[PDB]
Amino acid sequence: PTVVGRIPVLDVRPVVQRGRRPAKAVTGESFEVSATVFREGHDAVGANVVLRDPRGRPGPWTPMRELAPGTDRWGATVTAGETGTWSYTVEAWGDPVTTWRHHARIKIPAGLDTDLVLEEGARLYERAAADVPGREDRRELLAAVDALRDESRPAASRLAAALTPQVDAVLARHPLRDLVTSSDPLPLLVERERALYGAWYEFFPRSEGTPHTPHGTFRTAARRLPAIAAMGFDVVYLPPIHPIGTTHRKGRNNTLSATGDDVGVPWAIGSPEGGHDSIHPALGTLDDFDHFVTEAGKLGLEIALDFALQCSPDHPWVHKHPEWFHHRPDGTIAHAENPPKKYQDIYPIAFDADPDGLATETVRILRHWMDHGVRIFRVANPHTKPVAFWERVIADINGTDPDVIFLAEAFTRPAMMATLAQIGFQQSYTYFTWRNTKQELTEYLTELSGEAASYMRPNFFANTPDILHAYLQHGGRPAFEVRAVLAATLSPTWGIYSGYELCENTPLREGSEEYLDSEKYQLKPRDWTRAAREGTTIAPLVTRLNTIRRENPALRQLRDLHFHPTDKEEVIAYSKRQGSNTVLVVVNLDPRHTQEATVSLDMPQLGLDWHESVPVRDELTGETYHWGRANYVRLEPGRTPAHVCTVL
């Protein structure tokens, strides 16, 4: 057998690791399938995409078109349906009718061999009619056949009967396909909506306590959930909820010795009170956890738990499974590091003595939390554990529970970040916090919305407990507003860490991205009621952004994104589309100074002609404008961080 088939169909995309891992989508998401399709000689080709669902049933007729003339690159948009493992194939074929029509349109007016030409047409159309399933379509084609063969009609009339719009519509749906050749099937993994789209809020339950009991419980933290749901969040991400070690517990501001009252770091998991399958006693019991999960569910909030495969020196694993750790020649275990960061309060796990034991235990733990309603896991530092370990763990969990979503917190080099997404992580943290200039945002979002979208789903956290960017430090509230608009409108998934709304921006020291008095090392009570009363919170903006996202399908997808030129370096403009919904955003990246700019819209990318003027509504203010190809904007920090406009 030959590698190339009768009609060449080559380099089908998307493809991930040469077909060894699936391309990704979620239910209702569109993307392009493409291929290089051509044939020998000068006659025309056609192509179509066959999508097969998890039961092997083919999807609808999906013809492709040549994407640019003379390139031989063909494409079609497909839309993912129900969740599961699908496949896609490109079918390529000679299109003899298109070729015959091209020649007949020339030869018939010229009087060149008109009887042969028309009989040749008649034979193609009768072959077309024989493959057509519907009676009325067949009759339409056969009437064209009879007209083509009718020697009593003028040549031009015989030809015209074969080129009618009604004949065209039949042949667009059921073309005559010669020498049909298929690509080898490629896999598509279709996952639930939340894998791509959702707003996330991170907070520490222990910080939501009372004057009588400063250490919050699941019951006290549950009373924070209504405010989180009212800001329009969908997912609450909790730091580790397990007992915390005492040996080498860290003190406040990342100091090495805890005092007697110090709470330690939740990531220093494990004590004689229990490990990763247990609840910190000060948070309450598993029954209290269940209450928290249930109250979250009532308010439209899913819980994401941190899963950090590491432990404190007091974790039961340390003496039960010594082979899960690297021991130095004196028998001791070195503390974990992620240079220049040091984690003196924990041991890292070693994987090569007992990989099977570790995987078995990992999936036991995850299934325990899954049985208590946790269907999302934020996986801590996955890039410091083996790639194939995650591949195995995720395949095991998703094999019985395909709805479970894993988020990779891998702030590392591009090859590792991409590979983790490709081996099964549904979502990835990103470089978003370090992309702040127009050039940085433009380049990075062009990457994320391009080929990477076949395997990676970005979660844009504007801050985390480990990342307070200088932009926020120096820009104050106007900068928090800008980064919220950007995160919420550039990615279908975004998030914030509690305190972002209050514009907390005091760093540990100059040149650090750590918070002063970080919540990782201490209880951090916040007077939410006071901040709301005093108007010192951007919760209203956050709430509005989430409402805009919920009302505009364009903001609930990733791949359709276009940057429009402006004449100011500090002003960025972009549009997103989904069906008839178009959102147009203009952001002033300068948190200190008012910017005036001309935004020049690429009108064809909005589906409009260059001369058109179309109404927009800025959803942040309710103000309506009329914008054409060139529009003045004025954006003032503290009043108008951005325009977030719908086309009406």
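Residue numbers here begin at 1 and follow the sequence given.
*Asks:* Regarding 517 to 525 and 333 to 341, which shows the higher C-alpha temperature factor on average in the entry?
*Replies:* Averaged over C-alpha atoms, the B-factors run higher in 333 to 341.
*Asks:* Quick check: 195 to 203 versus 322 to 330, which has the larger average CA B-factor in the record?
*Replies:* Comparing averages over the C-alpha atoms only gives 322 to 330.
*Asks:* In this PDB entry, which of 257, 89, 498, 426 has the top CA B-factor?
*Replies:* Spelled out: the listed residue with the top C-alpha B-factor is 257.
*Asks:* Compare the CA B factors listed in the entry for 234, 262, 466, 403 and report the winner.
*Replies:* Most elevated C-alpha B-factor of the set, per the entry: 262.
*Asks:* Comparing residue 213 with the other modelled residues of its chain, is its CA B-factor in the lowest, middle or highest third?
*Replies:* According to the entry, residue 213 has a C-alpha B-factor in the chain's highest third.
*Asks:* Looking at the entry's B-factor column for C-alpha atoms only, identify whether residue 5 ranks in the lowest, middle or highest third of its chain.
*Replies:* Middle third, going by the recorded CA B-factors of the chain.
*Asks:* Going by the CA temperature factor in the PDB record, which third of the chain does residue 393 belong to: lowest, middle or highest?
*Replies:* It belongs to the lowest third of the chain when residues are ordered by C-alpha B-factor.
*Asks:* Lowest, middle or highest third: where is residue 565 by C-alpha B factor in its chain?
*Replies:* Residue 565: CA B-factor falls in the highest third of its chain.
*Asks:* Considering only modelled residues of the same chain, in which third does the CA B-factor of residue 638 rank: lowest, middle or highest?
*Replies:* Highest third of the chain for residue 638's C-alpha B-factor.
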